[PDB]
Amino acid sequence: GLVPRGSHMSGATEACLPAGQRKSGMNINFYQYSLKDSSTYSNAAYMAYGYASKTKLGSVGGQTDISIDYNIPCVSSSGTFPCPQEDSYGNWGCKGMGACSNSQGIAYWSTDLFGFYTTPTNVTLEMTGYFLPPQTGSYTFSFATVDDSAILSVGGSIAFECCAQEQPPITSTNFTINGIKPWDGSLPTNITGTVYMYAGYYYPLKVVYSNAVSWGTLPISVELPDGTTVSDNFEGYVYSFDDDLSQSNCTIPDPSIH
């Protein structure tokens, strides 16, 4: 046939072709989250959009290194240094530092999350941008682990609306990765998600991440159609565009036929 038939039952992921000035990296918005609140972030509605009802603390733009690896301080005999959680022991010390005098359960202030001065012990953040596939095919996004709660969404009308990156979050709970902290205290079951993507189209991408106490961890990767994996640093893959709600042709509902 002269043309491709298109993905079955209109199943292709919606993408965009914003015509404005492209900027490298993703925008990160920070929102209030209560220390030791282990319930709020277990709700899908909260993780999809409810987070933005809380106080907005600030933002940073142009971020290409997007994994989270926040370690709390150990106030030790030789000074105060961050402690890798796997090196924490007893009640409590940090291997190579001796006993720590400080509490694991209070808020700590730091610029570790994207250079923004906040409380990485207790915070919710929203990463937005567009993912640009260099190759046509199946992409598998992954979280290596989640502490405390997280989602990843890809696609127009799922992550956000085309050419409307800066708008209040949309209500879709159709997550690409559901890493929401289970109520049952369990581990989130599936922390990978696959999307078929067409080279050169801009795919809206949203990551919402929350921490309630102490350590925070979110190692983000993507496996490309060629089988290679990009981890942590998504430079060359992720971009931002200022809103242009007047660009009529910005949405591509079916890139499999466009």
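We number the residues from 1 along the sequence you see.
Using only C-alpha atoms and the B-factors in the entry, which stretch averages higher, 31-39 or 224-232?
So the stretch with the higher mean C-alpha B-factor is 224-232.
Select between 203-211 and 55-63 the stretch whose C-alpha atoms have the higher average B-factor in the entry.
According to the entry, 55-63 carries the higher average C-alpha B-factor.
With respect to the C-alpha temperature factors reported in the PDB entry, which of 110, 77, 153, 88 ranks highest?
Answer, based on the entry's C-alpha B-factors: 77.
Sorting the chain's modelled residues by C-alpha B-factor, tell me whether residue 137 ends up in the lowest, middle or highest third.
Its C-alpha B-factor belongs to the middle third of this chain's values.
Looking at the C-alpha B-factor of residue 183, is it in the lowest, middle or highest third of its chain?
Within its chain, residue 183 is a highest-third residue by C-alpha B-factor, going by the deposited values.
Among the modelled residues of this chain, does the Cα B factor of residue 177 put it in the lowest, middle or highest third?
It belongs to the middle third of the chain when residues are ordered by C-alpha B-factor.
In terms of the chain's CA B-factor thirds, is residue 122 lowest, middle or highest?
It falls in the bottom third of the chain.
Hey, what third does residue 164 fall into on Cα B-factor, ranked over its chain?
Within its chain, residue 164 is a middle-third residue by C-alpha B-factor, going by the deposited values.
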